[PDB]
Peer 1: 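First, the structure itself, so that you have it in front of you.
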Amino acid sequence: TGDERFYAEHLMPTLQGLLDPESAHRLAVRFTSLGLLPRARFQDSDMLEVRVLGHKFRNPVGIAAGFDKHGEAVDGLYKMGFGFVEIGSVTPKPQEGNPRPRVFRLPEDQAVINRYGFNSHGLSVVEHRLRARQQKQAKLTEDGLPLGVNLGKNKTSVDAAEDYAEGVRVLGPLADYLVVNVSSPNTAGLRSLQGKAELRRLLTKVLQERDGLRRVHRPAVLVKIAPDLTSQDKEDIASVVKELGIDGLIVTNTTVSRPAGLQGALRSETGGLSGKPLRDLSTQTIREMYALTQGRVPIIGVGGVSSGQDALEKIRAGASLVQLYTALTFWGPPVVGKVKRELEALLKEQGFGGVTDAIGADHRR
Ligand SMILES: Cc1cc2nc3c(=O)[nH]c(=O)nc-3n(C[C@H](O)[C@H](O)[C@H](O)COP(=O)(O)O)c2cc1C
Ligand SMILES: CC(C)=CCC1=C(O)C(=O)c2ccccc2C1=O
Ligand SMILES: O=C(O)c1cc(=O)[nH]c(=O)[nH]1
C-alpha cells in the first residue's frame, strides 16, 4: 500500500535522522496516546480470530511489552489494529532505570539494542491509569481485544517473589493475562529466576496470589523467557510450567547474544538485541518449548516479526499469538495491517482454514 511505502521509505527514516531513539520512543507513545494516527483501514477477517488463555483475540498480532511501559497508550494501540496490547514491564515502586543513552538503533540490521533497566512509573500509577478505563477495557476484551500486563521487579528488591506477588495483587484484577518477566537482560540476577528451583518457588507464589483474586478479576499467568537458555534451562522451565499449570509462555525476550554478521556501528553496546537478528533464534525457541510442553501450553511468539511470513513461521512452530515491537520502530504503524494482510494471504495459500489450524502445523508434518 501507499502508506506502508511512505512510512517505511520516507517518514520513519527521516524522523529517525532527527531524533535519538529514546526521544523518538517518547514521541511515538505521546502521538499514539493522543490518537494522532489515522484509524487502521484493515478489517479483521474471521480467519484471524484465536480463542486461547480464556479469551477471544480478533487477530493474533499484539504489541510486545516495553513499548507502552506505563499503560499510557492502550486505546491508541488498539486503534493501530493490534489484536491485543501488553503493557509493562511494571515494577512495584517507581524507578528511573539505567542512565542515558540506553537505546540504540542498528539500521543496517533492522535491529535495536536497549538497556532501559525497567524504567517504570510503578504499580500505583499504572493501577490508577488502568482503573480510569477499566470498564472500557472490559468491553474491548468482550469484543476480542484483550489486555496483558507484564510484571517486573525493582533493582534493589531483597525478595523477587514478593515483587511479582505485589504485581499480581495490584494489577492482576485489571488484566486478562499477567506476564512474569524473568528474562530482562538489563536487571542483575533477574534471568537466574528462570532456574528450576527459583522458578518453581517464584511461580508457586505467583499462582497462589492469582488464585486468591475474585473470579472476574482472575487473569491467566504466563512466563516470558529468554532466547539465550541452555537445553537444560528449557527442559526445566517446561517441567515446572506443566507441574504448576502455568497458563502460557511468551517466547522470547531480547537476546544478550550478538549473532555473527551484525553490521550496525552500535552492535557492541550492552543490552538486549531485538528485531531481525533475533527472529529465527526466537522461532526455534518457540519450536522447542511447544515440543517440550506437548503443544498443551499456549505460546505467544515474539522476536523479529515484521511480515506475514514471520508471523506464520512462529504460528507453525507452535505460537497461538504473536507480538512485534522493533518492526513498528522502523516501518511505523502501517506494519500492523501489513502483517495481518500478508498472514491472511499465506494462510489461504497454504490451505489453512484460519490461524487456529496453523498453530503447531510444522510438528504434524
Ligand atoms: C526498547 C525495548 C524495551 C523493551 N522493554 C521490555 C519490557 O519492559 N518487558 C519485556 O518483557 N520485554 C521488553 N522488551 C522486549 C520485547 O517485548 C520483545 O520481547 C523483543 O523486543 C522481541 O520482539 P521484537 O523483535 O519484535 O522487538 C523490550 C524491547 C525493546 C526493543
Ligand atoms: C520515528 C519515531 C518518532 C518513532 C519510532 C521509534 C524509533 O525510531 C526508535 O528508535 C525506538 C526505540 C525504542 C522504542 C521505540 C522506538 C520508536 O518508536
Ligand atoms: O531494559 C528493559 O527495561 C527491558 C529490556 C528488554 O529488552 N527486555 C525487558 O524485559 N526489559
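Counting starts at 1 for both ligands and their atoms, in listed order. Residues take their numbers from the sequence shown, with the count starting at 1. We use all heavy atoms of the structure for the numbers below, so side chains are in, but hydrogens, waters and symmetry mates are not.
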Peer 1: What atoms of ligand 1 come closer than 4.0 angstrom to any heavy atom of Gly303?
Peer 2: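 Those qualifying, in numeric order: 22 (C), 23 (O), 25 (O).
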
Peer 1: Should the proximity of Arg279 to ligand 1, defined as any heavy atom under 4.0 Å, be assigned to the side chain, the backbone, both, or neither?
Peer 2: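 No part of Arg279 is near ligand 1 at this cut-off.
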
Peer 1: Taking only heavy atoms of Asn186 into account, list the atoms of ligand 3 that are under 4.0 Å away from them.
Peer 2: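 That gives atoms 1 (O), 2 (C), 4 (C), 5 (C), 6 (C) of ligand 3.
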
Peer 1: Under 4.0 Å from any heavy atom of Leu278, which atoms of ligand 1 are there?
Peer 2: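 Counting from 1, the qualifying ligand atoms are 22 (C).
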
Peer 1: In ligand 3, which numbered atoms sit nearer than 4.0 Å to a non-hydrogen atom of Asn253?
Peer 2: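 Counting from 1, the qualifying ligand atoms are 6 (C), 7 (O), 8 (N), 9 (C), 10 (O).
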
Peer 1: Out of all atoms in ligand 2, which are within 4.0 Å of some heavy atom of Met12? Include the element for each.
Peer 2: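 In order of number, 1 (C), 5 (C).
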
Peer 1: Please list, in number order, the atoms of ligand 3 under 4.0 Å from a heavy atom of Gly117.
Peer 2: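 Atoms satisfying the 4.0 Å criterion: 1 (O), 2 (C), 3 (O).
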
Peer 1: Hey, is ligand 1 close enough to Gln323 that some N/O pair sits below 3.5 Å?
Peer 2: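 N/O-N/O distance below 3.5 Å does not exist for this pair.
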
Peer 1: Report yes if some N/O of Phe118 lies less than 3.5 Å from some N/O of ligand 1; otherwise report no.
Peer 2: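 Min N/O separation from ligand 1 is not below 3.5 Å for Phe118.
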
Peer 1: Can you tell me if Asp236 and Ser239 form a side-chain donor-acceptor pair at under 3.5 Å?
Peer 2: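 No, no side-chain donor-acceptor pair sits under 3.5 Å.
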
Peer 1: How close does the nearest protein non-hydrogen atom get to atom 5 (C) of ligand 3, and which residue and atom is it?
Peer 2: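 Among all protein heavy atoms, the one nearest atom 5 (C) of ligand 3 is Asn114 OD1, 2.8 Å.
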
Peer 1: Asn98 vs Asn186, test: side chain to side chain donor-acceptor pair (under 3.5 Å). Steps then yes/no.
Peer 2: CA-CA 9 Å; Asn98 286 319; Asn186 303 318; 5.5 Å; no

Peer 1: So is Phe31 close enough to ligand 2, meaning a heavy atom under 4.0 angstrom away?
Peer 2: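 No.
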
Peer 1: Looking at ligand 1, would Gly275 count as a contact under a 4.0 Å heavy-atom criterion?
Peer 2: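 For ligand 1, residue contact (heavy atoms, under 4.0 Å) with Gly275 is present.
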
Peer 1: In ligand 2, which numbered atoms sit nearer than 4.0 Å to a non-hydrogen atom of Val103?
Peer 2: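 Heavy-atom distances to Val103 below 4.0 Å select 12 (C), 13 (C).
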
Peer 1: Starting from atom 11 (N) of ligand 3, locate the nearest protein heavy atom and write down its residue, its atom name and how far away it is, to 0.1 Å.
Peer 2: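 Nearest neighbour among protein heavy atoms for atom 11 (N) of ligand 3, to 0.1 Å: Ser184 OG, 3.2 Å.
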
Peer 1: Just jot down the ligand 2 atoms closer than 4.0 angstrom to any heavy atom of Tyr325, in number order.
Peer 2: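 Under 4.0 Å from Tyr325, ligand 2 has these atoms: 14 (C), 15 (C).
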
Peer 1: What orientation do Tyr290 and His363 show, parallel under 30°, tilted 30 to 60°, or perpendicular over 60°?
Peer 2: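 Plane angle between 30° and 60°, so tilted.
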
Peer 1: When you look for heavy atoms under 4.0 Å from ligand 1, do you find them on the side chain of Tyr116, its backbone, both, or neither?
Peer 2: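 Looking at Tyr116 and ligand 1, just side chain atoms fall under 4.0 Å.
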
Peer 1: Please tabulate, one pair per line, all N/O donor-acceptor pairs under 3.5 Å involving side-chain atoms of residues 349-357, not counting sequence neighbours.
Peer 2:
| unit_1 | atom_1 | unit_2 | atom_2 | d |
| --- | --- | --- | --- | --- |
| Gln350 | OE1 | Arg316 | NH1 | 2.9 |
| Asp357 | OD2 | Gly353 | N | 3.2 |
| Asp357 | OD2 | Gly354 | N | 3.0 |

Peer 1: Against heavy atoms of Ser89, which atoms of ligand 1 measure under 4.0 Å?
Peer 2: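 Checking each atom against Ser89, I get 7 (C), 8 (O), 9 (N), 10 (C), 11 (O).
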
Peer 1: Looking only at heavy atoms, what is the nearest atom pair of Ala175 and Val149, with distance?
Peer 2: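 The answer is CB-CG2, 3.7 Å.
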
Peer 1: Less than 4.0 Å between a side-chain N and a carboxylate O, is that true for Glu209 and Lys205?
Peer 2: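 No, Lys205 and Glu209 are not salt-bridged.
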
Peer 1: Show me which atoms of ligand 1 lie under 4.0 Å from any heavy atom of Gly88.
Peer 2: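 Checking each atom against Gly88, I get 8 (O).
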
Peer 1: With backbone taken as N, CA, C and O and side chain as the heavy atoms from C-beta onward, which portion of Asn253 lies under 4.0 Å from ligand 1: side chain, backbone, both, or neither?
Peer 2: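 Both parts.
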
Peer 1: Provide the number and element of each atom of ligand 2 under 4.0 Å from a heavy atom of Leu15.
Peer 2: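 Those of ligand 2 that fall under 4.0 Å from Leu15 are 1 (C).
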
Peer 1: Please determine if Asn114 has a nitrogen or oxygen closer than 3.5 Å to a nitrogen or oxygen of ligand 1.
Peer 2: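 So ligand 1 has no N or O lying under 3.5 Å from an N or O of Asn114.
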
Peer 1: Identify, by atom number and element, the atoms of ligand 3 in contact range of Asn181, meaning under 4.0 Å from any of its heavy atoms.
Peer 2: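 The atoms of ligand 3 under 4.0 Å from a heavy atom of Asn181 are 9 (C), 10 (O).
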
Peer 1: Would you mind running through ligand 3 and noting each atom that sits below 4.0 Å from a heavy atom of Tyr116?
Peer 2: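 Numbered from 1, ligand 3 contributes 1 (O), 2 (C), 3 (O).
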
Peer 1: With a 3.5 Å cut-off and no angle check, do the side chains of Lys242 and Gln294 form a donor-acceptor pair?
Peer 2: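 Yes.
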
Peer 1: When you check the side-chain N and O atoms of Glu86 and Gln323, is any donor under 3.5 Å from an acceptor?
Peer 2: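 Result is yes, a qualifying pair exists.
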
Peer 1: Classify the contact between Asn150 and ligand 1 as side chain, backbone, both or neither, using a heavy-atom distance cut-off of under 4.0 Å.
Peer 2: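 Near ligand 1, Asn150 shows its side chain, while the N, CA, C and O stay back.
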
Peer 1: Taking non-hydrogen atoms only, is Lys224 closer than 4.0 angstrom to ligand 1 via side chain, backbone, both or neither?
Peer 2: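 For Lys224, the contact with ligand 1 is made by the side chain alone.
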
Peer 1: Check each heavy atom of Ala28 against ligand 2 and say whether those closer than 4.0 Å belong to the side chain, the backbone, both or neither.
Peer 2: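 For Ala28, only side-chain atoms sit under 4.0 Å from ligand 2.
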
Peer 1: Please confirm whether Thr252 comes under 4.0 Å of ligand 1, counting heavy atoms of the residue only.
Peer 2: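 Yes.
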
Peer 1: Please determine if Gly272 has a nitrogen or oxygen closer than 3.5 Å to a nitrogen or oxygen of ligand 3.
Peer 2: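 No, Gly272 has no N/O under 3.5 Å of an N/O on ligand 3.
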
Peer 1: Would you check the N or O atoms of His25, main chain and side chain alike, for any that come under 3.5 Å of an N or O of ligand 2?
Peer 2: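 No, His25 has no N/O under 3.5 Å of an N/O on ligand 2.
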
Peer 1: Does at least one non-hydrogen atom of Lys69 fall below 4.0 angstrom from an atom of ligand 3?
Peer 2: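 Within the 4.0 Å threshold, so yes.
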
Peer 1: What about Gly304: any of its N or O atoms under 3.5 Å from an N or O on ligand 1?
Peer 2: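 There is such a contact, yes.
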
Peer 1: So does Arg341 pair up with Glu4, basic N to acidic O under 4.0 Å?
Peer 2: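 A salt bridge is present here (some side-chain N lies under 4.0 Å from a carboxylate O).
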
Peer 1: In terms of side-chain heavy atoms, does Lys224 have a donor or acceptor partner in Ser183 at a distance below 3.5 Å?
Peer 2: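 No, because no side-chain N or O of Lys224 sits under 3.5 Å from a partner of the opposite role on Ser183.
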
